[PDB]
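Data block for run11.cif (mmCIF, C-alpha atoms):
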```cif
data_target
loop_
_atom_site.label_atom_id
_atom_site.label_comp_id
_atom_site.auth_asym_id
_atom_site.auth_seq_id
_atom_site.Cartn_x
_atom_site.Cartn_y
_atom_site.Cartn_z
CA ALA K 1 0.00 0.00 0.00
CA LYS K 2 0.96 3.66 -0.13
CA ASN K 3 -0.34 5.05 3.16
CA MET K 4 -0.21 4.06 6.81
CA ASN K 5 -2.94 1.69 7.95
CA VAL K 6 -4.32 0.87 11.39
CA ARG K 7 -5.80 -2.52 10.47
CA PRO K 8 -2.73 -4.68 11.28
CA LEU K 9 -2.60 -3.24 14.80
CA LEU K 10 -6.16 -4.35 15.48
CA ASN K 11 -5.37 -7.69 13.87
CA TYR K 12 -2.53 -8.01 16.37
CA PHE K 13 -4.74 -7.21 19.36
CA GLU K 14 -7.83 -9.15 18.21
CA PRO K 15 -7.82 -11.84 20.96
CA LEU K 16 -7.47 -9.20 23.65
CA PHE K 17 -10.27 -7.21 22.02
CA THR K 18 -12.60 -10.20 22.18
CA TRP K 19 -11.70 -10.94 25.80
CA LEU K 20 -12.14 -7.31 26.85
CA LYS K 21 -15.48 -6.99 25.08
CA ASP K 22 -16.53 -10.04 27.05
CA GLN K 23 -15.29 -8.68 30.39
CA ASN K 24 -17.17 -5.36 30.15
CA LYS K 25 -20.68 -6.79 29.94
CA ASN K 26 -21.69 -5.05 33.17
CA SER K 27 -19.31 -2.08 33.12
CA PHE K 28 -19.95 1.16 31.24
CA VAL K 29 -17.69 1.46 28.20
CA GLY K 30 -16.91 5.15 27.83
CA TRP K 31 -16.48 8.22 29.97
CA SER K 32 -18.30 11.45 30.74
CA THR K 33 -16.38 14.71 30.60
CA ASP K 34 -18.23 16.29 33.55
CA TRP K 35 -17.21 14.35 36.67
CA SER K 36 -14.07 15.65 38.36
CA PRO K 37 -12.48 14.35 41.57
CA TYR K 38 -13.04 17.70 43.30
CA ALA K 39 -16.56 18.58 42.14
CA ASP K 40 -18.13 16.90 45.13
CA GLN K 41 -16.98 19.54 47.64
CA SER K 42 -17.26 22.58 45.39
CA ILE K 43 -19.53 25.54 46.09
CA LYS K 44 -20.96 27.52 43.19
CA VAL K 45 -20.91 31.33 43.25
CA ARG K 46 -23.04 33.61 41.07
CA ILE K 47 -22.53 37.39 40.97
CA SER K 48 -24.83 40.03 39.47
#
```
So that I can check it, write out the structure of this file as structure tokens.
Amino acid sequence: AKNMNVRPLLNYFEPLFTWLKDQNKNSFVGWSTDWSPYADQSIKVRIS
């Protein structure tokens, strides 16, 4: 080919991909960009 391809990498990690897809049946694949480790004890201030 003429360009760089990402298919052989996934071919390399295929067995791990299968196993991981099987291990995350009950977990939540993904992340939310709102939770932060300090947002539980924060106070919000609004100024007019």
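What separates CA of residue 27 (chain K) from CA of residue 8 (chain K) is a distance of 27.5 Å.
Rounded to one decimal, CA of residue 14 (chain K) and CA of residue 1 (chain K) lie 21.8 Å from each other.
With CA of residue 9 (chain K) on one side and CA of residue 21 (chain K) on the other, the separation reads 16.9 Å.
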